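Just follow the structure's listing: the first ligand is 1, and inside any ligand the first atom is 1. In what follows, every heavy atom counts, from backbone to side chain, and hydrogens, waters and symmetry copies are set aside. We number each residue from 1, following the sequence as shown.
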Amino acid sequence: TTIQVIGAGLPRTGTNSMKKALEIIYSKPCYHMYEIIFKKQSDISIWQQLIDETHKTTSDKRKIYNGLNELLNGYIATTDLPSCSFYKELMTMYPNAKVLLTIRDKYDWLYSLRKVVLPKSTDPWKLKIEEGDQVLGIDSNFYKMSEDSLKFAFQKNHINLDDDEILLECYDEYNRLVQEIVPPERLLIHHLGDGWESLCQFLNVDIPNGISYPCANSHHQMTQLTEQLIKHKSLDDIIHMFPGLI
Ligand SMILES: Nc1ncnc2c1ncn2[C@@H]1O[C@H](COP(=O)(O)O)[C@@H](OP(=O)(O)O)[C@H]1O
Ligand SMILES: CCN(CC)CCNc1ccc(CO)c2sc3ccccc3c(=O)c12
């Protein structure tokens with residue numbers, strides 16, 4: 001098993017649905033931030049080391065390739081942060097892998113991002129998200145790795161993450177840069193709602209018969225997840241309320 005598809009889309013662009021769609025197509029696992037959170041929190045420090053490497057005057061690209069290869073062993077595809085920030089390195093490692101860019105309206109994206117993964121520091125909802133996440137074992141080391149991967153994707157050392165104007169411009173620039181860097185023949189831009197047809201044609205497979213394209217990980221469900229984690233203090237006690245997520 002080797003990487004066949006590199007997902008370059010940012011969080012809140014349908015990455016979890018795309019992860020599930022690729023798992024349906026290939027019958028093998030796809031990487032996602034939820035793999036780290038729910039299955040392999042030991043990966044956090046490894047990702048942090050690779051992101052740290054990118055800051056050096058000369059990044060040891062072979063150290064990065066080797067670390068990515070180890071992290072992705074057993075997976076057929078990648079989506080989401082932190083992996084999407086390494087899409088160029090993955091393209092070099094896997095010259096036959098195709099690239100997907102999941103994308104959506106930038107204002108819809110910003111609202112989703114602020115509600116679920118990156119609230120403003122002045123938003124009281126941030127404390128609720130953090131309290132729920134603590135139930136999952138998430139701590140400051142996870143948030144540092146995730147923020148660092150986002151800053152790496154946006155190519156910035158210093159960025160005011162609390163400024164919506166900055167985030168909107170970074171989102172547009174990131175998506176533009178993917179389209180400039182990946183040759184069009186190697187890239188599929190998949191807009192929220194596009195479903196199976198373009199994806200299956202791009203990957204040389206048939207449309208899965210009787211299986212609908214996934215629609216996972218809505219902000220409504222995520223807000224409920226935070227609320228129920230806070231209320232019950234146990235993932236296992238609430239997982240029956242959240243089918244089709246992990
Ligand atoms: N098949 C589909 N059709 C429409 N929206 C979808 C979808 N699959 C996922 N989404 C939306 O993609 C976002 C989740 O992305 P990610 O998995 O990258 O975090 C959520 O947006 P909202 O927060 O606006 O509901 C979710 O509703
Ligand atoms: C109930 C919600 N909880 C658990 C699911 C959110 C857990 N947190 C995250 C989950 C998924 C993703 C990307 O998919 C990110 S990305 C990011 C990027 C920058 C800073 C933080 C984050 C971040 O904290 C996060």
- Is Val182 reachable from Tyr174 through a run of I, L, V, M, F, W or Y residues, each pair having side-chain heavy atoms under 4.5 Å apart? yes

- Message: Below a 4.0 angstrom heavy-atom separation, can you tell me which part of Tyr213, side chain or backbone, both or neither, approaches ligand 1?
- Response: side chain

- Task: Quick one: look up the protein heavy atom nearest atom 8 (N) of ligand 2 and list residue, atom name and how far away it is.
- Result: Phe142 CE2, 3.6 Å

- Option from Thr13, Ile6, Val178 for which side chain to side chain contact (heavy atoms under 4.5 Å, CB included) with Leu101 holds: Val178

- Query: Just which atoms of ligand 2 are under 4.0 Å from any heavy atom in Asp133?
  - Reply: 1 (C), 2 (C), 3 (N), 4 (C), 6 (C), 7 (C), 8 (N)

- Task: Run the ring-centre check on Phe202 versus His190 and record whether the distance is less than 6.0 Å.
- Result: no

- Task: Run the numbers for me: atoms of ligand 1, each under 4.0 Å from some heavy atom of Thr13, listed by number.
- Result: 15 (O), 18 (O)

- Just which atoms of ligand 2 are under 4.0 Å from any heavy atom in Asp80? 13 (C), 14 (O)

- Message: Hydrophobic clusters here meaning ILVMFWY residues chained together by side-chain heavy-atom distances under 4.5 Å, can you tell me if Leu150 and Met222 are in one?
- Response: yes

- Numbered atoms of ligand 2 (with element) below 4.0 Å of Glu147, judged on heavy atoms: 19 (C), 20 (C)

- Message: So, regarding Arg12 and ligand 1 (criterion: nitrogen or oxygen to nitrogen or oxygen, under 3.5 Å), is there a contact or not?
- Response: yes

- Determine, using ring centers only, whether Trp47 and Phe86 are less than 6.0 Å apart. yes

- Message: Are any of the N/O atoms on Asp108, whether in the backbone or the side chain, positioned under 3.5 angstrom from an N/O atom of ligand 1?
- Response: no

- Of the listed options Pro82, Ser146, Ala153, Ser149, closest to atom 19 (C) of ligand 2 (non-hydrogen atoms): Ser146

- Is the backbone N or O of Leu245 less than 3.5 Å from a side-chain atom of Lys20, with the two atoms forming a donor-acceptor pair by type? yes

- Write out the residue and atom name of the closest protein heavy atom to atom 25 (O) of ligand 1, then the distance separating them to 0.1 Å. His219 N, 3.1 Å

- Message: I want to know if ligand 1 touches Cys215 in the polar sense, i.e. an N/O pair below 3.5 angstrom.
- Response: no

- Task: Could you list which atoms of ligand 2 come closer than 4.0 Å to a heavy atom of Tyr143?
- Result: 24 (O)

- Query: If only atom types and distance count, is the side chain of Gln48 paired as donor or acceptor with the main-chain N or O of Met145 below 3.5 Å?
  - Reply: yes

- Task: For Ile37, counting its heavy atoms only, list the atoms of ligand 2 lying under 4.0 Å from any of them.
- Result: 10 (C)

- Can you tell me which residue and heavy atom of the protein come closest to atom 15 (O) of ligand 1, and the distance to 0.1 Å? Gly14 N, 3.0 Å

- Would you check if there is a donor-acceptor pair between the side chains of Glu130 and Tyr143 at a distance under 3.5 Å? no

- Item | Numbered atoms and elements of ligand 1 in range of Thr15, under 4.0 angstrom, heavy atoms | 15 (O), 16 (P), 17 (O), 18 (O)

- Query: Tell me: protein heavy atom nearest atom 14 (C) of ligand 1, and distance?
  - Reply: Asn217 O, 3.4 Å

- Query: For atom 15 (C) of ligand 2, what is the nearest protein heavy atom, given as residue, atom name and distance?
  - Reply: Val117 CG1, 3.7 Å

- Task: Ignoring hydrogens and angles, tell me if any N or O in the side chain of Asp162 forms a donor-acceptor pair with the backbone of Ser121 under 3.5 Å.
- Result: yes

- Item | Closest heavy-atom pair and its distance - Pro243, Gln221 | O-NE2, 4.0 Å

- Within 4.0 Å of some non-hydrogen atom of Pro11, the atoms of ligand 2 are 13 (C)

- Note on the structure: Counting heavy atoms under 4.0 Å, the part of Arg104 that contacts ligand 1 is side chain

- Under 3.5 Å, is there a donor-acceptor pair between the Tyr94 and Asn69 side chains? yes

- Test side chain to side chain contact (heavy atoms under 4.5 Å, CB included), reference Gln228, set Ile239, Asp237, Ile238, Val135, output is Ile238

- Message: Tell me whether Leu225 shares a hydrophobic cluster with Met241, the cluster being built from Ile, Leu, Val, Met, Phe, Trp, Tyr side chains joined at under 4.5 Å.
- Response: yes

- Message: Using a 4.0 Å cutoff against the non-hydrogen atoms of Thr226, which atoms of ligand 2 qualify?
- Response: 1 (C)

- Return yes when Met18 approaches ligand 1 closer than 4.0 angstrom through a heavy atom, no otherwise. no

- Query: Under 3.5 Å between some N or O of ligand 1 and some N or O of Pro214?
  - Reply: yes

- Please state which protein non-hydrogen atom is closest to atom 11 (C) of ligand 2 and give its distance, to 0.1 Å? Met33 CG, 3.7 Å

- Task: Select the closest option to atom 9 (C) of ligand 1 among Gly193, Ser17, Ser212, judged by heavy-atom distance.
- Result: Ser17

- Determine whether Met93 and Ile181 fall in the same hydrophobic cluster, where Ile, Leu, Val, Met, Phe, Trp and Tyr are linked whenever their side-chain heavy atoms lie under 4.5 Å apart. yes

- Task: Examine distances only and state if a side-chain atom of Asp80 and a backbone atom of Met33 form a donor-acceptor pair shorter than 3.5 Å.
- Result: yes

- Task: Find all atoms of ligand 1 within a distance of less than 4.0 Å from any non-hydrogen atom belonging to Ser218, and give their numbers and elements.
- Result: 20 (C), 25 (O), 26 (C), 27 (O)

- Starting from atom 4 (C) of ligand 1, which protein heavy atom do you reach first, and at what distance in Å? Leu192 CG, 3.8 Å

